[PDB]
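Dumped target_21.pdb below, it's PDB, C-alpha atoms and all ligand atoms:
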ATOM      1  CA  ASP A   1     136.496 108.614 109.228
ATOM      2  CA  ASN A   2     133.074 110.001 110.174
ATOM      3  CA  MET A   3     131.981 106.995 112.285
ATOM      4  CA  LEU A   4     132.853 107.405 115.969
ATOM      5  CA  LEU A   5     131.856 105.915 119.307
ATOM      6  CA  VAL A   6     129.502 107.790 121.643
ATOM      7  CA  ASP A   7     130.484 108.588 125.230
ATOM      8  CA  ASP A   8     128.965 110.577 128.074
ATOM      9  CA  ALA A   9     130.203 114.172 128.146
ATOM     10  CA  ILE A  10     131.314 115.175 131.638
ATOM     11  CA  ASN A  11     131.037 118.873 130.792
ATOM     12  CA  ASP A  12     127.701 120.673 131.058
ATOM     13  CA  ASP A  13     127.413 122.288 127.613
ATOM     14  CA  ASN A  14     124.501 121.276 125.390
ATOM     15  CA  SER A  15     126.518 122.058 122.230
ATOM     16  CA  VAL A  16     129.992 120.618 122.873
ATOM     17  CA  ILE A  17     131.329 117.346 121.453
ATOM     18  CA  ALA A  18     134.825 116.149 122.339
ATOM     19  CA  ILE A  19     137.061 114.279 119.894
ATOM     20  CA  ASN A  20     140.404 112.536 120.257
ATOM     21  CA  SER A  21     143.491 114.415 119.102
ATOM     22  CA  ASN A  22     144.196 111.697 116.535
ATOM     23  CA  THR A  23     140.513 111.765 115.577
ATOM     24  CA  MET A  24     140.709 115.547 115.194
ATOM     25  CA  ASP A  25     143.794 115.152 112.999
ATOM     26  CA  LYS A  26     142.085 112.572 110.779
ATOM     27  CA  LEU A  27     139.030 114.781 110.207
ATOM     28  CA  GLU A  28     141.186 117.929 109.815
ATOM     29  CA  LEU A  29     139.487 120.011 112.504
ATOM     30  CA  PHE A  30     140.550 122.669 114.999
ATOM     31  CA  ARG A  31     139.680 123.275 118.634
ATOM     32  CA  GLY A  32     136.344 125.063 118.924
ATOM     33  CA  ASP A  33     135.262 124.263 115.363
ATOM     34  CA  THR A  34     131.568 123.593 114.766
ATOM     35  CA  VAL A  35     130.733 120.307 113.032
ATOM     36  CA  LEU A  36     127.461 118.709 111.963
ATOM     37  CA  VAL A  37     126.511 115.376 113.548
ATOM     38  CA  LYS A  38     123.746 113.180 112.124
ATOM     39  CA  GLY A  39     122.334 110.303 114.152
ATOM     40  CA  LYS A  40     119.541 107.788 113.691
ATOM     41  CA  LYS A  41     116.672 108.497 111.289
ATOM     42  CA  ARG A  42     116.582 112.081 109.956
ATOM     43  CA  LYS A  43     117.699 113.873 113.145
ATOM     44  CA  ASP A  44     120.897 115.926 113.011
ATOM     45  CA  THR A  45     122.429 119.006 114.619
ATOM     46  CA  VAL A  46     125.696 120.943 114.962
ATOM     47  CA  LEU A  47     128.068 120.928 117.939
ATOM     48  CA  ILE A  48     131.257 122.729 118.938
ATOM     49  CA  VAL A  49     134.355 120.555 118.556
ATOM     50  CA  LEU A  50     136.615 120.177 121.588
ATOM     51  CA  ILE A  51     139.957 118.398 121.978
ATOM     52  CA  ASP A  52     140.225 115.866 124.812
ATOM     53  CA  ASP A  53     143.219 113.533 125.019
ATOM     54  CA  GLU A  54     141.511 111.020 127.315
ATOM     55  CA  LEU A  55     139.027 110.250 124.535
ATOM     56  CA  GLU A  56     139.864 107.037 122.706
ATOM     57  CA  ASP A  57     140.359 106.840 118.956
ATOM     58  CA  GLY A  58     137.055 106.914 117.106
ATOM     59  CA  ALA A  59     135.033 108.153 120.088
ATOM     60  CA  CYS A  60     133.106 111.281 121.021
ATOM     61  CA  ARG A  61     131.462 112.765 124.110
ATOM     62  CA  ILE A  62     127.856 114.002 124.044
ATOM     63  CA  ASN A  63     125.549 114.691 126.980
ATOM     64  CA  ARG A  64     122.090 113.211 127.492
ATOM     65  CA  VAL A  65     120.429 116.233 125.855
ATOM     66  CA  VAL A  66     122.353 115.664 122.625
ATOM     67  CA  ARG A  67     121.539 111.954 122.847
ATOM     68  CA  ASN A  68     117.824 112.733 123.130
ATOM     69  CA  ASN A  69     118.053 115.182 120.225
ATOM     70  CA  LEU A  70     119.847 112.642 118.013
ATOM     71  CA  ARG A  71     117.652 109.695 119.096
ATOM     72  CA  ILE A  72     120.701 107.696 120.213
ATOM     73  CA  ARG A  73     122.027 106.204 123.449
ATOM     74  CA  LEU A  74     125.532 105.892 124.857
ATOM     75  CA  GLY A  75     128.006 104.142 122.577
ATOM     76  CA  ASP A  76     125.946 104.570 119.404
ATOM     77  CA  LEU A  77     127.308 105.613 116.002
ATOM     78  CA  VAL A  78     126.800 108.888 114.123
ATOM     79  CA  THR A  79     128.146 110.650 111.034
ATOM     80  CA  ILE A  80     130.212 113.802 111.604
ATOM     81  CA  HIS A  81     131.192 116.332 108.937
ATOM     82  CA  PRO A  82     132.795 119.790 109.020
ATOM     83  CA  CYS A  83     130.386 122.725 109.314
ATOM     84  CA  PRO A  84     132.430 125.825 108.409
ATOM     85  CA  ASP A  85     129.539 127.539 106.586
ATOM     86  CA  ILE A  86     127.546 128.074 109.798
ATOM     87  CA  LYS A  87     126.523 131.719 110.135
ATOM     88  CA  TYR A  88     125.371 133.780 113.126
ATOM     89  CA  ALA A  89     121.641 133.747 113.840
ATOM     90  CA  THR A  90     120.412 137.319 113.457
ATOM     91  CA  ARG A  91     116.987 136.674 115.031
ATOM     92  CA  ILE A  92     115.951 133.601 117.038
ATOM     93  CA  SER A  93     112.652 132.819 118.770
ATOM     94  CA  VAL A  94     112.675 130.193 121.530
ATOM     95  CA  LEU A  95     110.120 129.222 124.171
ATOM     96  CA  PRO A  96     110.482 127.290 127.436
ATOM     97  CA  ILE A  97     109.094 123.833 128.114
ATOM     98  CA  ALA A  98     105.971 123.895 130.273
ATOM     99  CA  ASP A  99     107.182 121.264 132.742
ATOM    100  CA  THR A 100     110.377 123.318 133.171
ATOM    101  CA  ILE A 101     108.535 126.501 134.238
ATOM    102  CA  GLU A 102     106.827 124.854 137.222
ATOM    103  CA  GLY A 103     106.768 127.609 139.837
ATOM    104  CA  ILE A 104     109.557 129.665 138.247
ATOM    105  CA  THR A 105     108.777 133.395 138.251
ATOM    106  CA  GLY A 106     110.494 136.567 137.097
ATOM    107  CA  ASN A 107     112.087 137.453 133.774
ATOM    108  CA  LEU A 108     113.020 133.929 132.721
ATOM    109  CA  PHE A 109     115.031 135.375 129.827
ATOM    110  CA  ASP A 110     117.489 137.350 131.956
ATOM    111  CA  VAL A 111     117.551 134.678 134.667
ATOM    112  CA  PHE A 112     118.367 131.707 132.413
ATOM    113  CA  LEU A 113     119.144 132.499 128.771
ATOM    114  CA  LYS A 114     121.189 135.678 129.211
ATOM    115  CA  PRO A 115     123.976 133.943 131.192
ATOM    116  CA  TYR A 116     123.571 131.103 128.676
ATOM    117  CA  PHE A 117     124.075 133.459 125.693
ATOM    118  CA  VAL A 118     126.817 135.783 126.973
ATOM    119  CA  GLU A 119     129.158 135.428 123.982
ATOM    120  CA  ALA A 120     128.522 131.677 124.156
ATOM    121  CA  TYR A 121     128.056 131.278 120.378
ATOM    122  CA  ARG A 122     126.251 127.984 120.937
ATOM    123  CA  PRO A 123     125.203 126.404 117.612
ATOM    124  CA  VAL A 124     121.439 126.161 117.136
ATOM    125  CA  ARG A 125     119.215 124.334 114.657
ATOM    126  CA  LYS A 126     115.478 124.155 114.062
ATOM    127  CA  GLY A 127     113.675 121.997 116.611
ATOM    128  CA  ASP A 128     116.663 121.618 118.943
ATOM    129  CA  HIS A 129     116.511 121.710 122.742
ATOM    130  CA  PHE A 130     118.900 122.970 125.406
ATOM    131  CA  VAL A 131     118.819 123.005 129.213
ATOM    132  CA  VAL A 132     120.214 125.835 131.351
ATOM    133  CA  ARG A 133     120.783 125.667 135.113
ATOM    134  CA  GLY A 134     119.507 128.897 136.659
ATOM    135  CA  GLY A 135     119.412 129.529 140.376
ATOM    136  CA  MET A 136     118.660 126.212 142.058
ATOM    137  CA  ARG A 137     116.572 124.865 139.143
ATOM    138  CA  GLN A 138     117.021 123.907 135.491
ATOM    139  CA  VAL A 139     114.930 125.206 132.585
ATOM    140  CA  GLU A 140     114.749 123.711 129.094
ATOM    141  CA  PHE A 141     114.191 125.719 125.917
ATOM    142  CA  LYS A 142     113.433 124.734 122.328
ATOM    143  CA  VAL A 143     114.534 126.246 119.021
ATOM    144  CA  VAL A 144     111.163 127.446 117.745
ATOM    145  CA  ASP A 145     112.586 129.517 114.885
ATOM    146  CA  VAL A 146     115.883 130.957 113.652
ATOM    147  CA  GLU A 147     116.965 133.440 110.986
ATOM    148  CA  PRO A 148     118.991 132.825 108.922
ATOM    149  CA  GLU A 149     117.866 129.198 108.598
ATOM    150  CA  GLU A 150     118.421 126.491 109.378
ATOM    151  CA  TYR A 151     121.569 126.009 111.452
ATOM    152  CA  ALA A 152     123.240 129.123 112.853
ATOM    153  CA  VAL A 153     125.055 130.508 115.908
ATOM    154  CA  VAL A 154     123.496 132.625 118.663
ATOM    155  CA  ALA A 155     125.687 135.699 119.211
ATOM    156  CA  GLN A 156     125.310 139.101 120.851
ATOM    157  CA  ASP A 157     123.969 140.684 117.656
ATOM    158  CA  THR A 158     121.206 138.060 117.667
ATOM    159  CA  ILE A 159     117.739 139.144 118.805
ATOM    160  CA  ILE A 160     116.277 136.620 121.256
ATOM    161  CA  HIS A 161     112.480 136.316 121.423
ATOM    162  CA  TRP A 162     111.185 134.593 124.567
ATOM    163  CA  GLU A 163     107.531 135.524 123.950
ATOM    164  CA  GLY A 164     105.113 132.651 123.434
ATOM    165  CA  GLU A 165     103.182 129.933 125.183
ATOM    166  CA  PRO A 166     104.983 127.246 127.217
ATOM    167  CA  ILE A 167     105.958 124.141 125.255
ATOM    168  CA  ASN A 168     104.291 121.105 126.802
ATOM    169  CA  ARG A 169     106.581 118.072 126.701
ATOM    170  CA  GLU A 170     103.718 115.602 126.187
ATOM    171  CA  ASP A 171     102.656 116.582 122.663
ATOM    172  CA  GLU A 172     106.147 116.119 121.198
ATOM    173  CA  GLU A 173     105.334 112.389 121.128
ATOM    174  CA  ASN A 174     101.671 111.970 122.105
ATOM    175  CA  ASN A 175     100.328 114.155 119.276
ATOM    176  CA  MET A 176     103.203 113.376 116.869
ATOM    177  CA  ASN A 177     104.117 109.979 115.409
ATOM    178  CA  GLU A 178     107.908 109.609 115.271
ATOM    179  CA  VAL A 179     108.413 105.833 115.187
ATOM    180  CA  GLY A 180     111.392 104.156 113.541
ATOM    181  CA  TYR A 181     112.279 100.580 112.705
ATOM    182  CA  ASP A 182     113.009 100.010 116.404
ATOM    183  CA  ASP A 183     109.244  99.990 117.089
ATOM    184  CA  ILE A 184     108.497  97.058 114.744
ATOM    185  CA  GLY A 185     109.014  93.421 115.658
ATOM    186  CA  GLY A 186     107.934  90.057 114.334
ATOM    187  CA  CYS A 187     107.778  91.156 110.677
ATOM    188  CA  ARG A 188     111.117  91.516 108.878
ATOM    189  CA  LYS A 189     110.436  89.948 105.476
ATOM    190  CA  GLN A 190     107.432  92.239 105.030
ATOM    191  CA  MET A 191     109.519  95.232 106.095
ATOM    192  CA  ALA A 192     112.216  94.267 103.594
ATOM    193  CA  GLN A 193     109.645  93.930 100.809
ATOM    194  CA  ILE A 194     108.124  97.327 101.596
ATOM    195  CA  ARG A 195     111.492  99.060 101.956
ATOM    196  CA  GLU A 196     113.042  97.683  98.768
ATOM    197  CA  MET A 197     110.070  99.107  96.836
ATOM    198  CA  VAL A 198     109.602 102.407  98.720
ATOM    199  CA  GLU A 199     113.061 103.670  99.691
ATOM    200  CA  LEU A 200     114.902 102.516  96.572
ATOM    201  CA  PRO A 201     112.770 104.439  94.017
ATOM    202  CA  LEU A 202     112.983 107.569  96.202
ATOM    203  CA  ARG A 203     116.340 107.568  98.002
ATOM    204  CA  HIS A 204     118.208 106.336  94.896
ATOM    205  CA  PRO A 205     116.131 107.307  91.842
ATOM    206  CA  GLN A 206     119.205 107.377  89.584
ATOM    207  CA  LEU A 207     119.512 103.574  89.567
ATOM    208  CA  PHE A 208     116.299 103.162  87.582
ATOM    209  CA  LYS A 209     117.472 105.887  85.212
ATOM    210  CA  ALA A 210     120.703 103.934  84.738
ATOM    211  CA  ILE A 211     118.915 100.635  84.047
ATOM    212  CA  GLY A 212     116.178 102.298  81.979
ATOM    213  CA  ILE A 213     113.039 100.993  83.707
ATOM    214  CA  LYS A 214     109.982 102.481  85.377
ATOM    215  CA  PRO A 215     109.862 101.212  88.980
ATOM    216  CA  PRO A 216     106.458  99.995  90.195
ATOM    217  CA  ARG A 217     104.285 102.673  91.788
ATOM    218  CA  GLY A 218     101.425 101.121  93.733
ATOM    219  CA  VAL A 219     101.630  98.855  96.763
ATOM    220  CA  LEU A 220      98.784  97.023  98.507
ATOM    221  CA  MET A 221      99.324  95.700 102.032
ATOM    222  CA  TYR A 222      96.696  93.559 103.698
ATOM    223  CA  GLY A 223      96.203  91.264 106.652
ATOM    224  CA  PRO A 224      94.164  90.711 109.794
ATOM    225  CA  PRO A 225      93.174  93.925 111.571
ATOM    226  CA  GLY A 226      95.538  95.014 114.310
ATOM    227  CA  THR A 227      98.679  93.574 112.691
ATOM    228  CA  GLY A 228     100.366  96.982 112.512
ATOM    229  CA  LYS A 229      99.887  97.869 108.843
ATOM    230  CA  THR A 230      99.418 101.543 109.698
ATOM    231  CA  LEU A 231     102.412 101.438 112.036
ATOM    232  CA  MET A 232     104.601  99.783 109.397
ATOM    233  CA  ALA A 233     103.629 102.365 106.784
ATOM    234  CA  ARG A 234     104.244 105.221 109.223
ATOM    235  CA  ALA A 235     107.660 103.858 110.181
ATOM    236  CA  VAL A 236     108.695 103.426 106.548
ATOM    237  CA  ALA A 237     107.525 106.941 105.694
ATOM    238  CA  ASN A 238     109.364 108.493 108.640
ATOM    239  CA  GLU A 239     112.576 106.604 107.883
ATOM    240  CA  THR A 240     112.439 107.631 104.219
ATOM    241  CA  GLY A 241     111.988 111.281 105.189
ATOM    242  CA  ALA A 242     109.842 112.207 102.190
ATOM    243  CA  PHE A 243     106.780 114.421 102.554
ATOM    244  CA  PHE A 244     104.193 111.999 103.948
ATOM    245  CA  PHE A 245     100.476 112.503 103.314
TER     246      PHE A 245
ATOM    247  CA  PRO B   1      91.847 161.623  95.628
ATOM    248  CA  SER B   2      92.908 160.190  98.984
ATOM    249  CA  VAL B   3      89.445 158.763  99.751
ATOM    250  CA  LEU B   4      90.387 155.609  97.807
ATOM    251  CA  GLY B   5      91.637 153.683 100.841
ATOM    252  CA  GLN B   6      93.853 156.266 102.580
ATOM    253  CA  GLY B   7      91.846 159.011 104.270
ATOM    254  CA  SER B   8      90.112 159.665 107.577
ATOM    255  CA  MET B   9      89.073 156.641 109.655
ATOM    256  CA  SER B  10      91.422 154.593 107.475
ATOM    257  CA  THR B  11      94.402 155.991 109.397
ATOM    258  CA  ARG B  12      92.638 156.041 112.761
ATOM    259  CA  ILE B  13      92.066 152.315 112.180
ATOM    260  CA  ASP B  14      94.952 150.714 110.315
ATOM    261  CA  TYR B  15      92.842 149.121 107.587
ATOM    262  CA  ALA B  16      95.981 148.712 105.500
ATOM    263  CA  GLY B  17      97.560 147.474 108.718
ATOM    264  CA  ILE B  18      94.826 144.870 109.164
ATOM    265  CA  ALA B  19      95.216 143.674 105.577
ATOM    266  CA  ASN B  20      99.010 143.442 105.789
ATOM    267  CA  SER B  21      98.883 141.649 109.148
ATOM    268  CA  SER B  22      96.412 139.158 107.686
ATOM    269  CA  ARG B  23      98.849 138.636 104.814
ATOM    270  CA  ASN B  24     101.873 138.028 107.066
ATOM    271  CA  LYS B  25      99.801 136.463 109.849
ATOM    272  CA  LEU B  26     102.368 134.371 111.701
ATOM    273  CA  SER B  27     104.200 134.487 115.012
ATOM    274  CA  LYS B  28     107.482 135.212 113.191
ATOM    275  CA  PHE B  29     109.419 135.936 116.372
ATOM    276  CA  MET B  30     102.595 148.814 101.485
ATOM    277  CA  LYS B  31      99.637 147.855  99.304
ATOM    278  CA  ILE B  32      95.971 147.028  99.894
ATOM    279  CA  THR B  33      94.182 144.606  97.578
ATOM    280  CA  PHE B  34      91.733 141.693  97.554
ATOM    281  CA  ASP B  35      94.251 138.915  96.818
ATOM    282  CA  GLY B  36      93.971 136.784  99.941
ATOM    283  CA  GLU B  37      91.575 136.186 102.831
ATOM    284  CA  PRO B  38      89.504 138.453 105.082
ATOM    285  CA  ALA B  39      90.560 139.337 108.613
ATOM    286  CA  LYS B  40      88.126 140.229 111.385
ATOM    287  CA  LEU B  41      87.524 143.991 111.132
ATOM    288  CA  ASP B  42      85.448 144.860 114.194
ATOM    289  CA  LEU B  43      84.204 148.357 115.007
ATOM    290  CA  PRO B  44      81.974 149.381 117.917
ATOM    291  CA  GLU B  45      78.272 150.011 117.523
ATOM    292  CA  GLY B  46      77.591 153.363 115.900
ATOM    293  CA  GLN B  47      80.495 153.459 113.428
ATOM    294  CA  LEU B  48      80.108 152.998 109.676
ATOM    295  CA  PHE B  49      83.076 152.605 107.339
ATOM    296  CA  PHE B  50      82.765 153.621 103.684
ATOM    297  CA  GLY B  51      86.513 153.663 103.013
ATOM    298  CA  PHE B  52      86.886 150.243 101.420
ATOM    299  CA  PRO B  53      89.018 150.471  98.244
ATOM    300  CA  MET B  54      86.565 150.897  95.396
ATOM    301  CA  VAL B  55      86.305 148.322  92.610
ATOM    302  CA  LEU B  56      84.250 149.929  89.785
ATOM    303  CA  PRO B  57      82.206 147.851  87.298
ATOM    304  CA  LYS B  58      83.375 145.378  84.656
ATOM    305  CA  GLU B  59      83.871 148.316  82.254
TER     306      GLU B  59
HETATM  307  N1  LIG A 301     105.319  94.845 115.070
HETATM  308  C1  LIG A 301     104.056  95.147 115.380
HETATM  309  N2  LIG A 301     103.063  94.507 114.727
HETATM  310  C2  LIG A 301     101.799  94.802 115.032
HETATM  311  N3  LIG A 301     101.336  95.677 115.927
HETATM  312  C3  LIG A 301     102.338  96.296 116.560
HETATM  313  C4  LIG A 301     103.693  96.096 116.354
HETATM  314  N4  LIG A 301     104.441  96.913 117.188
HETATM  315  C5  LIG A 301     103.537  97.574 117.866
HETATM  316  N5  LIG A 301     102.245  97.255 117.539
HETATM  317  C6  LIG A 301     101.035  97.820 118.123
HETATM  318  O1  LIG A 301      99.943  97.099 117.591
HETATM  319  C7  LIG A 301      98.831  97.987 117.330
HETATM  320  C8  LIG A 301      98.657  98.036 115.838
HETATM  321  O2  LIG A 301      97.680  99.054 115.537
HETATM  322  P1  LIG A 301      97.502  99.611 114.071
HETATM  323  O3  LIG A 301      96.695 100.847 114.067
HETATM  324  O4  LIG A 301      98.875  99.736 113.422
HETATM  325  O5  LIG A 301      96.752  98.435 113.335
HETATM  326  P2  LIG A 301      96.090  98.201 111.908
HETATM  327  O6  LIG A 301      95.226  97.007 111.888
HETATM  328  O7  LIG A 301      97.221  98.225 110.883
HETATM  329  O8  LIG A 301      95.260  99.539 111.721
HETATM  330  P3  LIG A 301      94.301 100.242 110.656
HETATM  331  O9  LIG A 301      93.975  99.304 109.547
HETATM  332  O10 LIG A 301      93.080 100.679 111.470
HETATM  333  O11 LIG A 301      95.073 101.483 110.205
HETATM  334  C9  LIG A 301      99.297  99.340 117.856
HETATM  335  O12 LIG A 301      99.096  99.304 119.262
HETATM  336  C10 LIG A 301     100.805  99.252 117.659
HETATM  337  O13 LIG A 301     101.379 100.048 118.684
END

Could I get this structure in the form of structure tokens?
Amino acid sequence: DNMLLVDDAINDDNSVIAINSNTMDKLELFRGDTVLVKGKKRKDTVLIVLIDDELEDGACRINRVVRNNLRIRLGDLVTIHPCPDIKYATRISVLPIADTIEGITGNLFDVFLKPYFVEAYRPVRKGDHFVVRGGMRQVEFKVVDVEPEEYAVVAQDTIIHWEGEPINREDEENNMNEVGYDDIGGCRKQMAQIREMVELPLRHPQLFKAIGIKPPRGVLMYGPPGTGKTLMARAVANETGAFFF
Amino acid sequence: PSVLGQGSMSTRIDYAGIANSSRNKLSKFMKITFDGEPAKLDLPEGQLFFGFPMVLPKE
């Protein structure tokens, strides 16, 4: 029972997901428990479980920040599992987003993060983002590094490092290619042919062991220039999740 | 003696410190050897350093 509906979270916590009481009973959880949620492609995080009666069966509440992190919109579907092994991050380094430090002065740490980390125990994972409302503005921060890795909890014993250059929001997508199947159209048979020969030997290598064959290695795509061959290969590689060179 | 890497002008300038920092050269929130890469060791005009850990011949 790990497939649930997505709903907007009225609360203003970047690491809180609400579940129905019946849903909580089915998954055998408790109020405040931290659980791991995996969305589209290979993006996943951990959120604090909350009990909310108004939530319908098989539904969950996540804010826009969580939706951006998980690459999903309202009403999408994710996979949720218990995360009882989560430890407390002993040392975390995080830096603000450049566009979020426009004109903001002073000790940004004390102003924004310290109220945000006063015994909050907010789950954190590598590459995550979280927004904090300080004063009359809002500042976003990113999980640059954590110890122990990967997913942990920020507690009082944790050492917070806010030293480093601002994180420009542009290069997260302009300089990085994170394109899934949603960015390909007009070629589905070709995508099926590529996937059934790329993902299957890698995602499920035990099948070919079971049937005692050596799956084909090479693949040669070709066509008129500008038909998206590079884009198709990039999308397949990103969806597979294997080290892409 | 101590002149084999750990003496005067090797503690004024953390030569071992430079080598170790080059080893663990990352943001990230003793022994000196030549297993790695060089790191810029800059000294002002008029200073000569002879304290590099010796190497001796092929024997
Ligand atoms: N389904 C699609 N098919 C083709 N092109 C697409 C598709 N979706 C988007 N595009 C756009 O079409 C252009 C394809 O450029 P791309 O570099 O992939 O072409 P190419 O001929 O395979 O390249 P090359 O051989 O130089 O690597 C890009 O702008 C890509 O954004």

(request) With the file shown as input, list the residues that the PyMOL selection byres ((chain A and not hetatm) within 8 of (chain B)) selects, as an MDAnalysis selection string. (result) chainID A and resid 91:93 145 161 163

Take the residues just selected and output them with C-alpha atoms as a PDB file, in the frame of the given file.
ATOM      1  CA  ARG A  91     116.987 136.674 115.031  1.00  0.00           C
ATOM      2  CA  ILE A  92     115.951 133.601 117.038  1.00  0.00           C
ATOM      3  CA  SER A  93     112.652 132.819 118.770  1.00  0.00           C
ATOM      4  CA  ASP A 145     112.586 129.517 114.885  1.00  0.00           C
ATOM      5  CA  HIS A 161     112.480 136.316 121.423  1.00  0.00           C
ATOM      6  CA  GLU A 163     107.531 135.524 123.950  1.00  0.00           C
TER       7      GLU A 163
END

(request) For ligand LIG 301 (chain A), list the contacting residues at 10 Å or closer, counting only C-alpha atoms and all ligand atoms, as a PyMOL selection string. (result) chain A and resi 179+181-188+191+221-234

(request) Considering all atoms listed in the file, return as a ChimeraX atom specification whatever protein or nucleic-acid residues lie within 9 Å of residue A:150, sequence-local ones (same chain, fewer than 2 positions apart) excluded. (result) /A:124-126,145-148,152

Determine, counting all atoms listed in the file, which protein, DNA and RNA residues have an atom within 12 Å of an atom of residue B:6; residues of the same chain fewer than 4 positions away are not included. Present the result as a JSON list (two decimals) with C-alpha atoms, in the coordinates of the input.
[["chain", "number", "residue", "atom", "x", "y", "z"],
["B", 1, "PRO", "CA", 91.85, 161.62, 95.63],
["B", 2, "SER", "CA", 92.91, 160.19, 98.98],
["B", 10, "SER", "CA", 91.42, 154.59, 107.48],
["B", 11, "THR", "CA", 94.40, 155.99, 109.40],
["B", 12, "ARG", "CA", 92.64, 156.04, 112.76],
["B", 13, "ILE", "CA", 92.07, 152.32, 112.18],
["B", 14, "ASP", "CA", 94.95, 150.71, 110.32],
["B", 15, "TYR", "CA", 92.84, 149.12, 107.59],
["B", 16, "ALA", "CA", 95.98, 148.71, 105.50],
["B", 17, "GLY", "CA", 97.56, 147.47, 108.72],
["B", 30, "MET", "CA", 102.60, 148.81, 101.48],
["B", 31, "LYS", "CA", 99.64, 147.85, 99.30],
["B", 32, "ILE", "CA", 95.97, 147.03, 99.89],
["B", 50, "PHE", "CA", 82.76, 153.62, 103.68],
["B", 51, "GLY", "CA", 86.51, 153.66, 103.01],
["B", 52, "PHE", "CA", 86.89, 150.24, 101.42],
["B", 53, "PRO", "CA", 89.02, 150.47, 98.24],
["B", 54, "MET", "CA", 86.56, 150.90, 95.40]]

Please give the centre and size of the box around stretch 128-136 of chain A (axis-aligned, containing every atom listed in the file, 5 Å added per side), with values in Å to one decimal and written as AutoDock Vina command-line options.
--center_x 118.6 --center_y 125.6 --center_z 130.5 --size_x 14.3 --size_y 17.9 --size_z 33.1

(message) Please list as number ranges by chain every residue within 10 Å of residue A:154, counting only C-alpha atoms and excluding residues in the same chain fewer than 4 positions away.
(response) A: 87-92, 117-124, 146, 158-160

(message) Can you measure atom CA of residue A:56 to atom CA of residue A:23 for me? One decimal in Å is fine.
(response) 8.6 Å

(message) Just to confirm, what's the straight-line distance from atom CA of residue A:20 to atom CA of residue A:52 in Å (one decimal)?
(response)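 According to the coordinates, atom CA of residue A:20 and atom CA of residue A:52 are separated by 5.6 Å.
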
(message) Report, in Å with one decimal, the straight-line distance from atom CA of residue B:3 to atom CA of residue B:25.
(response)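 One can read the atom CA of residue B:3 to atom CA of residue B:25 distance as 26.6 Å.
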